[PDB]
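**Q**
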């Protein structure tokens, strides 16, 4: 149960690790700004959203998405 972490549109990390051990999953989001968006990764159990800014949120589990 591992998860590959990388920045879309600029895969500069591409580092995979472990986290999905039971009640945990990977969370991938994208914060907006005005001259370029920033995709953030990390594995946990909280998948918050956005609106006042316009960030993207996407969680995953099982095979990589773990």
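In my numbering, the protein residues as written are 13 to 78.
Yeah, the Cβ is synthetic: ideal placement off N, Cα and C, and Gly gets one too.
1) Measuring CA to CA, which of 67, 29, 50 and 20 is closest to residue 56?
2) Thinking C-beta only, is residue 43 closer than 9 Å to residue 53?
3) Using the Cα positions of residue 32 and residue 73, report the straight-line distance between them to the nearest angstrom.
4) Let's test the definition: count the other Cβ atoms within 10 Å of the Cβ of residue 15 and tell me whether it reaches 16, buried, or not, exposed.
5) Going by DSSP, which residues form a beta bridge with residue 56?
**A** With the given structure in hand:
1) It is 29 whose Cα lies nearest to the Cα of residue 56.
2) Remark: C-beta atoms of residue 53 and residue 43 do not approach each other more closely than 9 Å.
3) Their backbone Cα atoms lie some 7 Å apart in a straight line.
4) Result: buried.
5) For residue 56, DSSP records a beta bridge to 37.
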